[PDB]
Amino acid sequence: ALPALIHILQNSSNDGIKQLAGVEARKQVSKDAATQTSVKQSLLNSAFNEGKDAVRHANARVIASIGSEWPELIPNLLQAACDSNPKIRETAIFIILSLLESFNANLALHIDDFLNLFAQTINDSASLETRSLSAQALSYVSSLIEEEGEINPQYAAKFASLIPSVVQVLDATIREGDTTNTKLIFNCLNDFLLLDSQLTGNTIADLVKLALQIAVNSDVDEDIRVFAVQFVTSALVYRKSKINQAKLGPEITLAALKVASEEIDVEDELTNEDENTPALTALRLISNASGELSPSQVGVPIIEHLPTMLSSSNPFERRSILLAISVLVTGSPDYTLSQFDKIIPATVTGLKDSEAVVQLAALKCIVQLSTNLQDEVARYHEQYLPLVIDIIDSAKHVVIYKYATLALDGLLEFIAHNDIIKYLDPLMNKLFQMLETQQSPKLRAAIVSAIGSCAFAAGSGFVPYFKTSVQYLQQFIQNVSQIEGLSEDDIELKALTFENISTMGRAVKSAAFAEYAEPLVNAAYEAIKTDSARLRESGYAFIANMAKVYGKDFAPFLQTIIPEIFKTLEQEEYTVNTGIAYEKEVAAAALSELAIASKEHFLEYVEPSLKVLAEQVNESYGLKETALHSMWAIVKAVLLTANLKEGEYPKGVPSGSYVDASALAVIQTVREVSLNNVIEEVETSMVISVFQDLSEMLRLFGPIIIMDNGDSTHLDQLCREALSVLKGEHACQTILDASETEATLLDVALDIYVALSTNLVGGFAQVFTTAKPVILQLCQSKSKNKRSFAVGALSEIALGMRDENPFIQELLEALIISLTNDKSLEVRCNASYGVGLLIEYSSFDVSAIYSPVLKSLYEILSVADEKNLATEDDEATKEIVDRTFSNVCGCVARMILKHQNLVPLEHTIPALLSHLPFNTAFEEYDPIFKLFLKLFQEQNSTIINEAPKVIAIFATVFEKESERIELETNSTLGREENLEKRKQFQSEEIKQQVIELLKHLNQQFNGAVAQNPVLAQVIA
């Protein structure tokens, strides 16, 4: 059997035969013989004498595999590693290394001998290879030392002492041009990141700094530079606390920006339609720093350098800064949005550059801004659209043409419904002309997406184009079933046409879609059975929209579709099959939409769907969050099918159940899965996602989501987790200025309490007791954003409790301190909302606070008034300014309604009227309308002289209300994000009271109201 492969190893004239004999011979070792001494001593002899190194190593590896199953071996190798003869040392170390590579358990008995050996051989003056092998061995030694129950303090100290030597080996390998061993040493430093700190000592920041010096050194070979960039990226994922402690964020960012500024192959960039350059890895480093660190450490340095780089004579620096921003936004979208006053002009400057690489860089930046800040970018369509079209018309490179189309796509998709209509017809004609001219399927795919995005924005305004578009696009979805002979891009073009035709079905509704429903639906049911994961994905996306369009009429298709979806969700995902991951995401969304659009006919599928999804939560690689989200979607469907109307639940702790036993059982199922995926959960994205789902369901259906029958086990578990997140002590945080991801975790943790306060009302006070001091403390954070979240959350909690809140005076006095002393205008703005509410709910004497609070509210008004003077150029400030006007006026109206005779009206009413109508936060109209009803009913002198301004304000309000009603009827199905916020009236009752008021006012002032066209329409 095997011992012949050893004979071949020693003896062939062909060295490549001895080598591959050994490569196979190792494989054989596991699967007896009296004389096994012959094969050891033969191998040891060959390992140290063969002429070529590859044949030496081959014998060495066989010795080791033998080594697992000889008390003299390790002692003899430790002796050989200290031989006077450098080649004998090297081959012994290699064999020791191969032994460590077998993970034999008894190697743990030699930690000290290995530490003492390697402290020596790491600096072997005669063989760089021996130093590199010593570094490589140390990885196994550190792992061995961390298997002790308590890490030996002496091992850690010795091992830490070796770290500077490894750095020397690295410099040695770079100096000597030995890039094979440079790579291996970088693997060693990467392994240091994972180590317990007592093994690595204080070093890690210094390893980062040393890696940065290599990365920016253009004299170093590029592949070594990528290793270095990659190491720092890896340190962001595993050791960000050390990066923060050294405050290296800005140095990392600036180093990466310099590498990305190096020139690149321009013609490749402009034509290649497809990660290992220094320039590309540098962008990935920026991208990861933006996700990992607070924006002061990454985005702020970038925006500081935007002026000088964007004007540089070096086009690669103009290109570099735009691409830097393009990769900043995903990790720091809020900070990026706040810098739009600088960033948008910069993208416009970039589009006007003479160099195409800079123009492409600007386009990539815009695509990235649209993806993350959707409608916020589309507001600038008036500058962008002319520029982007001109680039499409005059493009000389395919990659510019693609990204121009894709930028146009992202803008058009989120254009305001009113504005798209001015563009819709000229746009429609241009995109179909483009579609004809271009024959590349990569380019056609991007044009089809832009067309569908027109439909999405236009809603019912798309009807004139619906039949021509489908006629045309039906050409790209022939022979769906036949995938043999199609390129990946041909598949994408087919898939995108299915997706965007179904999006047109969302724009025009079921009646206008009636012509094509059957052929298109049949075509999509072909897609689902096909062997393209991309094509199946587009089938499910098509079905998801059909569910929105046809509601319960789509139920006859359930028997057919669900079996396909279950099959899609159960597929093996492995070398992670990205196409299957996308398909599963969309199939889960299809299942959710079908469940919410079938109602009673999705009752046979509820239990099987929960079992399939629960299996994915437990076992899937990237579908956990979505699988769990879909489970709550199934619950939402079951609760709606039981005619629990959204927001109509009984408040307070439920002593039993307001839901029938079948529904409660479905709820409890998902409630258990939710809490098991937050308890001890290490991924913050998973925690964020669970908290978001729980808040949403609590908001819609009440406390029955978290508790029933007086048993608060899960409620207390939830609050425990949330409280821990607020304190920074949850498993997902314990692997300052916070990253935005970290800020989201805070926001959604606070929002659990917000939702519970509205669920519980008075009942919440006992739950709130533990979190209340922490939230009051977060209101004082050195971080402005944390203060903004906390003050905002306390105010919503106050709204949740209302007049059943036992802490009004404590909370009132805390928000008054924020209102009075906080340096941030936006924090003071958020506080003024909470202050008015607490006064509205208070039942004790507040006469002592009215005068100081009014003074502070007026100062806040004055700082916002000054900012309002220079903001034709900065919408982030304009939103804060406008929200301050709404909140302060709302709070003042609340104060007057609560205690009119403590507020001197003579100056307050005019200050109120000067900030009406509002531009945002229309919910604050509610106290103001009630105030106007009271002042006019008492014929108050102050408002009576102000009747023109008051009827003028309602003229704006009612015009806005009519636009809102029209926008709602025209819009594309399923765009109900902003529904509550666009409303001018919080209730039909307050709306009708206002109409009667305008009726009276028309009886006085000799028909002042009728004179106005808008109100004449409402008054009659």
# chains A, B, ... in the order shown; residues from 1 in each chain; ligands from 1
>>> residues_around(residues="residue 954 (chain A)", least_positions_apart="5", cutoff="12 Å", atoms="only C-alpha atoms", output="count of residues only")
30
>>> residues_around(residues="region 219-233 of chain A", least_positions_apart="2", cutoff="6 Å", atoms="only C-alpha atoms", output="PyMOL selection string")
chain A and resi 208+211+215+217+235-236+278+285
>>> residues_around(residues="residue 246 (chain A)", least_positions_apart="4", cutoff="9 Å", atoms="only C-alpha atoms", output="list in words")
residues 205, 241 and 242 of chain A
>>> write_last_selection(atoms="C-alpha atoms", output="tab-separated table (two decimals), in the first residue's frame")
chain	number	residue	atom	x	y	z
A	205	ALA	CA	-2.31	51.09	16.80
A	241	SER	CA	-11.64	50.56	19.74
A	242	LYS	CA	-7.84	50.84	19.36
>>> residues_around(residues="residue 326 (chain A)", least_positions_apart="2", cutoff="12 Å", atoms="only C-alpha atoms", output="PDB file with C-alpha atoms, in the first residue's frame")
ATOM      1  CA  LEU A 283     -11.847  53.310  -1.646  1.00  0.00           C
ATOM      2  CA  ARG A 284     -12.897  50.181   0.139  1.00  0.00           C
ATOM      3  CA  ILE A 286     -12.717  54.726   3.112  1.00  0.00           C
ATOM      4  CA  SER A 287     -16.024  52.941   2.730  1.00  0.00           C
ATOM      5  CA  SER A 290     -17.201  55.495   7.113  1.00  0.00           C
ATOM      6  CA  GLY A 299     -16.348  62.334   6.541  1.00  0.00           C
ATOM      7  CA  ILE A 302     -12.933  64.350   3.548  1.00  0.00           C
ATOM      8  CA  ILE A 303     -15.178  67.435   3.366  1.00  0.00           C
ATOM      9  CA  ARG A 319     -11.652  62.257  -9.418  1.00  0.00           C
ATOM     10  CA  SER A 320     -10.435  61.040  -6.035  1.00  0.00           C
ATOM     11  CA  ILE A 321     -12.494  63.442  -3.923  1.00  0.00           C
ATOM     12  CA  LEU A 322     -15.735  62.699  -5.736  1.00  0.00           C
ATOM     13  CA  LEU A 323     -15.193  58.943  -5.351  1.00  0.00           C
ATOM     14  CA  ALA A 324     -14.321  59.499  -1.709  1.00  0.00           C
ATOM     15  CA  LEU A 328     -18.632  57.914   2.348  1.00  0.00           C
ATOM     16  CA  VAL A 329     -22.418  58.245   2.028  1.00  0.00           C
ATOM     17  CA  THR A 330     -23.452  54.623   2.622  1.00  0.00           C
ATOM     18  CA  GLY A 331     -21.835  54.493   6.049  1.00  0.00           C
ATOM     19  CA  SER A 332     -22.634  58.085   7.033  1.00  0.00           C
ATOM     20  CA  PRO A 333     -25.801  59.104   5.179  1.00  0.00           C
ATOM     21  CA  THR A 336     -23.402  63.406   4.094  1.00  0.00           C
ATOM     22  CA  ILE A 343     -21.455  68.245  -1.907  1.00  0.00           C
ATOM     23  CA  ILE A 344     -24.148  69.036  -4.496  1.00  0.00           C
ATOM     24  CA  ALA A 346     -19.215  69.702  -6.064  1.00  0.00           C
ATOM     25  CA  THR A 347     -21.008  66.985  -8.062  1.00  0.00           C
ATOM     26  CA  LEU A 360     -17.638  59.591 -14.436  1.00  0.00           C
ATOM     27  CA  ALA A 361     -16.469  60.147 -10.880  1.00  0.00           C
ATOM     28  CA  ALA A 362     -19.146  62.803 -10.385  1.00  0.00           C
ATOM     29  CA  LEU A 363     -21.773  60.432 -11.862  1.00  0.00           C
ATOM     30  CA  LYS A 364     -20.755  57.600  -9.571  1.00  0.00           C
ATOM     31  CA  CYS A 365     -21.063  59.962  -6.626  1.00  0.00           C
ATOM     32  CA  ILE A 366     -24.597  60.978  -7.644  1.00  0.00           C
ATOM     33  CA  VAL A 367     -25.689  57.355  -8.135  1.00  0.00           C
ATOM     34  CA  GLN A 368     -24.471  56.672  -4.625  1.00  0.00           C
ATOM     35  CA  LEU A 369     -26.219  59.720  -3.154  1.00  0.00           C
ATOM     36  CA  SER A 370     -29.511  58.699  -4.844  1.00  0.00           C
ATOM     37  CA  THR A 371     -29.306  55.126  -3.555  1.00  0.00           C
ATOM     38  CA  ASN A 372     -28.900  56.303   0.051  1.00  0.00           C
ATOM     39  CA  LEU A 373     -30.664  59.715   0.113  1.00  0.00           C
TER      40      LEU A 373
END
>>> residues_around(residues="residue 736 (chain A)", least_positions_apart="4", cutoff="12 Å", atoms="only C-alpha atoms", output="list in words")
residues 241, 244, 245, 247, 293, 294, 296, 297, 728, 742, 743, 778, 781, 782, 783, 784, 785 and 786 of chain A
>>> write_last_selection(atoms="N, CA and C atoms", output="PDB file, in the first residue's frame")
ATOM      1  N   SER A 241     -11.847  49.850  18.480  1.00  0.00           N
ATOM      2  CA  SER A 241     -11.642  50.561  19.744  1.00  0.00           C
ATOM      3  C   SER A 241     -10.215  51.103  19.856  1.00  0.00           C
ATOM      4  N   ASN A 244      -9.864  54.102  17.602  1.00  0.00           N
ATOM      5  CA  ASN A 244     -10.451  55.270  18.251  1.00  0.00           C
ATOM      6  C   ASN A 244      -9.555  55.784  19.368  1.00  0.00           C
ATOM      7  N   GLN A 245      -8.974  54.879  20.157  1.00  0.00           N
ATOM      8  CA  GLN A 245      -8.130  55.307  21.270  1.00  0.00           C
ATOM      9  C   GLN A 245      -6.935  56.105  20.781  1.00  0.00           C
ATOM     10  N   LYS A 247      -7.115  57.680  17.958  1.00  0.00           N
ATOM     11  CA  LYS A 247      -7.713  58.670  17.065  1.00  0.00           C
ATOM     12  C   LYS A 247      -7.021  58.672  15.704  1.00  0.00           C
ATOM     13  N   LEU A 293     -16.588  54.141  11.910  1.00  0.00           N
ATOM     14  CA  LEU A 293     -16.244  55.231  12.807  1.00  0.00           C
ATOM     15  C   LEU A 293     -17.265  56.364  12.722  1.00  0.00           C
ATOM     16  N   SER A 294     -17.225  57.244  13.719  1.00  0.00           N
ATOM     17  CA  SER A 294     -18.071  58.422  13.691  1.00  0.00           C
ATOM     18  C   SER A 294     -17.644  59.358  12.557  1.00  0.00           C
ATOM     19  N   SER A 296     -17.099  62.489  12.332  1.00  0.00           N
ATOM     20  CA  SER A 296     -16.019  63.428  12.619  1.00  0.00           C
ATOM     21  C   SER A 296     -14.648  62.850  12.266  1.00  0.00           C
ATOM     22  N   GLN A 297     -14.511  61.525  12.233  1.00  0.00           N
ATOM     23  CA  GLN A 297     -13.211  60.905  11.996  1.00  0.00           C
ATOM     24  C   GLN A 297     -12.942  60.566  10.539  1.00  0.00           C
ATOM     25  N   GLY A 728     -25.043  50.811  26.306  1.00  0.00           N
ATOM     26  CA  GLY A 728     -23.844  50.391  25.608  1.00  0.00           C
ATOM     27  C   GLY A 728     -23.280  49.074  26.067  1.00  0.00           C
ATOM     28  N   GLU A 742     -24.108  52.873  14.984  1.00  0.00           N
ATOM     29  CA  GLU A 742     -24.287  52.900  16.427  1.00  0.00           C
ATOM     30  C   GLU A 742     -25.395  53.873  16.839  1.00  0.00           C
ATOM     31  N   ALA A 743     -25.530  54.999  16.135  1.00  0.00           N
ATOM     32  CA  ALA A 743     -26.629  55.924  16.413  1.00  0.00           C
ATOM     33  C   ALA A 743     -27.995  55.310  16.078  1.00  0.00           C
ATOM     34  N   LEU A 778     -28.716  60.570  28.814  1.00  0.00           N
ATOM     35  CA  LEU A 778     -28.365  60.735  27.408  1.00  0.00           C
ATOM     36  C   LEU A 778     -28.693  62.128  26.882  1.00  0.00           C
ATOM     37  N   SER A 781     -25.590  64.096  26.908  1.00  0.00           N
ATOM     38  CA  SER A 781     -24.394  63.525  26.300  1.00  0.00           C
ATOM     39  C   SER A 781     -23.535  64.611  25.668  1.00  0.00           C
ATOM     40  N   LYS A 782     -22.221  64.389  25.688  1.00  0.00           N
ATOM     41  CA  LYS A 782     -21.345  65.273  24.928  1.00  0.00           C
ATOM     42  C   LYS A 782     -21.665  65.224  23.442  1.00  0.00           C
ATOM     43  N   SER A 783     -22.365  64.185  22.982  1.00  0.00           N
ATOM     44  CA  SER A 783     -22.695  64.035  21.570  1.00  0.00           C
ATOM     45  C   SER A 783     -24.018  64.715  21.256  1.00  0.00           C
ATOM     46  N   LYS A 784     -23.983  65.633  20.300  1.00  0.00           N
ATOM     47  CA  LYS A 784     -25.182  66.374  19.965  1.00  0.00           C
ATOM     48  C   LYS A 784     -26.260  65.438  19.441  1.00  0.00           C
ATOM     49  N   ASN A 785     -25.886  64.494  18.572  1.00  0.00           N
ATOM     50  CA  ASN A 785     -26.893  63.609  17.994  1.00  0.00           C
ATOM     51  C   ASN A 785     -27.551  62.750  19.067  1.00  0.00           C
ATOM     52  N   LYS A 786     -26.779  62.250  20.026  1.00  0.00           N
ATOM     53  CA  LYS A 786     -27.419  61.519  21.111  1.00  0.00           C
ATOM     54  C   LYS A 786     -28.381  62.418  21.872  1.00  0.00           C
TER      55      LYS A 786
END
>>> atom_distance(atom1="CA of residue 843 (chain A)", atom2="CA of residue 651 (chain A)")
21.9 Å
>>> residues_around(residues="residue 775 (chain A)", least_positions_apart="2", cutoff="9 Å", atoms="only C-alpha atoms", output="list in words")
residues 726, 750, 771, 772, 773, 777, 778, 779, 790, 791, 793 and 794 of chain A
>>> atom_distance(atom1="CA of residue 647 (chain A)", atom2="CA of residue 712 (chain A)")
21.3 Å
>>> closest_residue(among="A:213, A:972, A:1011, A:497", to="residue 549 (chain A)", atoms="only C-alpha atoms")
A:972
>>> atom_distance(atom1="CA of residue 561 (chain A)", atom2="CA of residue 492 (chain A)")
22.3 Å
>>> closest_residue(among="A:385, A:407, A:838, A:638", to="residue 665 (chain A)", atoms="only C-alpha atoms")
A:638
>>> decode(residues="region 102-118 of chain A", atoms="N, CA, C and O atoms", output="short mmCIF file (atom, residue, chain, number, x, y, z; two decimals), in the first residue's frame")
data_model
loop_
_atom_site.label_atom_id
_atom_site.label_comp_id
_atom_site.auth_asym_id
_atom_site.auth_seq_id
_atom_site.Cartn_x
_atom_site.Cartn_y
_atom_site.Cartn_z
N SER A 102 -0.85 20.60 11.91
CA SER A 102 -1.74 19.46 12.15
C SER A 102 -2.64 19.63 13.37
O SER A 102 -3.50 18.76 13.61
N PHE A 103 -2.43 20.67 14.18
CA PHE A 103 -3.22 20.92 15.39
C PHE A 103 -3.23 19.73 16.34
O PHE A 103 -4.18 19.52 17.09
N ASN A 104 -2.16 18.94 16.36
CA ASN A 104 -2.08 17.87 17.34
C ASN A 104 -2.21 18.45 18.75
O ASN A 104 -1.61 19.48 19.07
N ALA A 105 -3.00 17.77 19.59
CA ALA A 105 -3.32 18.32 20.91
C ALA A 105 -2.08 18.39 21.80
O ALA A 105 -1.94 19.32 22.60
N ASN A 106 -1.18 17.41 21.69
CA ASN A 106 -0.02 17.37 22.57
C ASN A 106 1.01 18.42 22.24
O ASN A 106 1.97 18.58 23.00
N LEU A 107 0.84 19.15 21.13
CA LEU A 107 1.73 20.28 20.90
C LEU A 107 1.54 21.34 21.98
O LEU A 107 2.49 22.07 22.30
N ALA A 108 0.35 21.40 22.57
CA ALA A 108 0.10 22.36 23.63
C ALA A 108 1.06 22.20 24.80
O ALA A 108 1.30 23.16 25.54
N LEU A 109 1.65 21.02 24.96
CA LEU A 109 2.61 20.79 26.04
C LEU A 109 3.95 21.47 25.80
O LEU A 109 4.84 21.34 26.64
N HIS A 110 4.14 22.16 24.67
CA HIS A 110 5.43 22.77 24.35
C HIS A 110 5.38 24.30 24.19
O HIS A 110 6.33 24.89 23.69
N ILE A 111 4.31 24.96 24.67
CA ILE A 111 4.15 26.40 24.47
C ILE A 111 5.41 27.16 24.84
O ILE A 111 5.84 28.07 24.12
N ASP A 112 5.98 26.84 26.01
CA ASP A 112 7.17 27.56 26.47
C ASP A 112 8.36 27.28 25.58
O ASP A 112 9.10 28.20 25.21
N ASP A 113 8.59 26.01 25.22
CA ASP A 113 9.73 25.73 24.35
C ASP A 113 9.59 26.40 22.99
O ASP A 113 10.58 26.84 22.41
N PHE A 114 8.37 26.47 22.46
CA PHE A 114 8.15 27.14 21.18
C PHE A 114 8.36 28.64 21.30
O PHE A 114 9.02 29.25 20.44
N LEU A 115 7.84 29.26 22.36
CA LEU A 115 8.07 30.68 22.58
C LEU A 115 9.56 31.00 22.68
O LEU A 115 10.03 32.01 22.14
N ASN A 116 10.32 30.18 23.41
CA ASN A 116 11.75 30.44 23.56
C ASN A 116 12.50 30.15 22.28
O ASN A 116 13.50 30.82 21.99
N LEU A 117 12.06 29.13 21.53
CA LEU A 117 12.72 28.84 20.27
C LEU A 117 12.51 29.98 19.28
O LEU A 117 13.48 30.52 18.72
N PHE A 118 11.26 30.37 19.09
CA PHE A 118 10.93 31.38 18.09
C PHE A 118 11.45 32.76 18.46
O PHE A 118 11.76 33.55 17.56
#
